[PDB]
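Provided herewith is a single structure, encoded as structure tokens, for subsequent inquiry.
Per-chain numbering from 1; labels A, B, C, D, E and F assigned in written order.
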Amino acid sequence: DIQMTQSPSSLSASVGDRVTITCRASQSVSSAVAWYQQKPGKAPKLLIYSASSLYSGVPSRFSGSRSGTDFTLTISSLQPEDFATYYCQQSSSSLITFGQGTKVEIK
Amino acid sequence: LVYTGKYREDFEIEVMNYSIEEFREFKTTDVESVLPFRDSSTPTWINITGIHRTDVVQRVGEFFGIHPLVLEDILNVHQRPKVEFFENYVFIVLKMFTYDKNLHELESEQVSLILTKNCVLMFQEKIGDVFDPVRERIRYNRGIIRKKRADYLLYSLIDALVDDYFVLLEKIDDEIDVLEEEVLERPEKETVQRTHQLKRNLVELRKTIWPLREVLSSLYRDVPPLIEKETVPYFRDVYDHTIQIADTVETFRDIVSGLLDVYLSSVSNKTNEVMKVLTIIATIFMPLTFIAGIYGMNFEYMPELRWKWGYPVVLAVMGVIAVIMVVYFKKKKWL
Amino acid sequence: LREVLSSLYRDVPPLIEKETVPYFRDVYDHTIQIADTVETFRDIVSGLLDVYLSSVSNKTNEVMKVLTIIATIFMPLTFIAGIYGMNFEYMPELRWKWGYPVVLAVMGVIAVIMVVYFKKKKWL
Amino acid sequence: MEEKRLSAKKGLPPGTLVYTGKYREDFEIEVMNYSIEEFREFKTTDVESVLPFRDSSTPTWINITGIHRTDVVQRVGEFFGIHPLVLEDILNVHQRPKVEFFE
Amino acid sequence: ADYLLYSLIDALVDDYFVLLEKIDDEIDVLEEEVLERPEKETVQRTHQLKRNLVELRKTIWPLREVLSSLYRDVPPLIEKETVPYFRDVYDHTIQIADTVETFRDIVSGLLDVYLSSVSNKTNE
Amino acid sequence: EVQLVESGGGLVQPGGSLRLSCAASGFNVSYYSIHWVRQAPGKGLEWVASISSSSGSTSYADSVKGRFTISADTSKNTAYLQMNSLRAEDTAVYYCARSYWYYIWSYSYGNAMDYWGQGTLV
């Protein structure tokens, strides 16, 4: 079990501003880190895989980065269609794990 | 024979006899306990932690009919991994690896493997092992480890070792990522030192991995009688894993070399900056020194003695000299 | 060598029976591998020569840094001591009562200012 | 030197073909069946629309763009008799140019 | 279809010629910059060009081997009437490899010229 | 075109057994790995198990391993998850996901869940 620690637990932001999340790996996950979004009552959608590769069909405002075992998800400018819970997933091992999520609420 | 290893702290012998019906393990500090296992039909694993005691290893080797050249290779540590094929045994030389953070240094522990009949012999230079997973596999009857002979035990040891090579690779990967960020962000002395150390570590890791690949190729291709035909594909899989490790090592080495030479490019501009600084201070303060030394003579008759308001005049001359020297620069942005 | 082995397995003279040529093809492949590893070595050695030049330049950089540190900290701050060595009678402040804190304190503060300035992008 | 065989990858299940590159945006199949007198063009996304071109008596040029979809690579290779190691070579883009002759 | 494989490989090699002329233009602009204005980023550019040329060589040499094998090993899928065309492509590969080596030489010279200019400034 | 549909979820007595079905469309299960990820109400996502139908390689979450068993058949093009000896903590919205493998280095591979089902509560 490789635990991914994701902060902040809940975030509030204004539309059009810059928002960032951080996911910290407990172990050495090479680069197999994916970010998902899940609006309530809906299935998750893949946004970024390989910690910096943007999924096809996802807006370019979403960006991912890695600094060692520290992975950050950033949105250049929020939009009304951009308030949901965000999850970081590691897939270095066969027993893949998720974070605990991060809510983004309009301010 | 002589022992040339750094570690001499502890000596301890663990033996594990495993069979289909039942298994037996018995840790000890003596030697004669492991001797009767030379006649045991069931597979048994002899793990002599502590190779400094040359007497015990010589006794074990003599009781097992092994050549003294194998003994002097086992006690020797500073050699690349290598494999020997003989009519009654196979000799495997392998290296462990330890990595620690906050100080990037690689520690290599020389471990040698002797396989004969239904036993496997190993010689650890220092306490601290790789082979826990095969230990819980044998103890708790996991997989097909206990339904096979000692060739499968050799396979288990070798692929456990390559698995921790994979772990070493992931640690090195994290270090390379952070070092790339550091170099591209702000380079200084410790970044260059870390880059050189990482290059040296990758050199050592490459020089270790390639002979291991050769060893695995020999194991699954020479097909000696000591290894059954059913056991070949497992060694083939380990060989493929070694190929993976070698390819990753080469990629990491190229990345580190690029990081090093991109920094080493820019020495001359730093030279120009330092020498421009030296020149501006020297050119400012030598004419000033001459001015302040000419009036420092202790001659009996001195013209400025009759002169009035000498200090404002001389300091104004010196200040305007400094100003004209300063404005003499900045023509091509010296400062 | 690549040319000779290619000729051996492609021209196939009567002296070489047809069942021997696959082996010659194999050693031809080995020669291709050797010809790649060579000139991989050549690229490496050219890089080594450039690295040699850069490292000699870096050592000269370190020497210049040391000398620049000492020259910058000492030329003007021995100038300040050499100024009042001039033998002037008109100015009466040197004869005014003092325990001589002023010049030494100015030297100390200027030297420490230069040191803390050189802490940034440290040349030491 | 050695008989051809699928290699074993530590982090993957044994029978796995993985696209090694980094492009995952485009996928299309384009065919130009041509002869001395008549030629035909059609781009498509259905892979079964191009398989019956294996047995054409005239030259045909199937152009699969986008190999991140290992589905189409594997299906075409299985239908056309291409060995799995050749499919692994196709999907592996971290490679050098090479030519291999089969029966 | 063998002539179709010919057509595709020939188009590839023609685009290779286009790539090398573009690299020639880049060498021209980099040489002008390094002769006139020797900045620090220009040497980043020179090292990028050197690495690109090394990649080009490591690509073009196996391509030359592929074309030679297609010309000389003549598999039974080529009908033996399209072989001289493959020979023409092989000659084109020879030319491209030669040009790549010569460009490598030019870039190696450019780095030295940059060092010369910087040493001239330091000399002043 | 490609879509995953899961079923078989509902009420069940604790300690009993249940089975969930995942129907494939637009893709072949034999070429992909199928994962089950559950999300209990008020909490976040939790991976449960996975299978690769081409070889039968299977992994289970440590907190789930031992009682659940995931299987698939290319003939029916469906993935199955057998839920044995259910406990009070196993109630959640269970999801079906298709994934692909991507390349990082020669030694490390990744795994991204590109297409998801819709969820069946248990």
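Rule of thumb we're sticking to: a residue touches a chain if its C-beta (ideal position, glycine included) is under 8 Å from a C-beta of that chain, and two chains touch if they have at least 3 such contacts.
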Contact-graph separation of subunit E and subunit F, given in steps at minimum: 2
Chain pair with more C-beta contacts, D-F versus B-D: D-F
Chain centroid nearest the full-protein CA centroid: B
Distance from the mean Cα position of subunit E to that of subunit A, given in whole angstrom: 42
Interchain centroid distance [CA atoms averaged], subunit B/subunit F, Å: 41
Cα-centroid distance, subunit D relative to subunit E, in whole angstrom: 29
Between subunit C and subunit E, centroid-to-centroid distance (C-alpha), Å: 31
Residue list for subunit E, restricted to those that touch at least two other chains: 65, 73, 115
Junction residues of subunit F, two or more chains touched: 102, 105-109
Of all residues in subunit A, the ones touching two or more other chains: 30-31, 53, 92
Chain-level touch network, classified as line, ring, star, complete or other: other
Chain pairs that touch, as defined at the top of this document: A-B, A-D, A-F, B-C, B-D, B-E, B-F, C-E, D-E, D-F
Interfacial residue positions of subunit B with respect to subunit F in the complex: 166, 169-170, 173, 244-245, 247-248, 251
Complex contact set, residues of subunit B against subunit D: 163, 166, 221, 236-237, 240-241, 243-244
Of all residues in subunit F, those that touch subunit B in their complex: 105-108
Subunit A - residues contacting subunit B, complex: 28-31, 66-69, 92
Contact footprint of subunit A on subunit D as seen in their complex: 22, 24-25
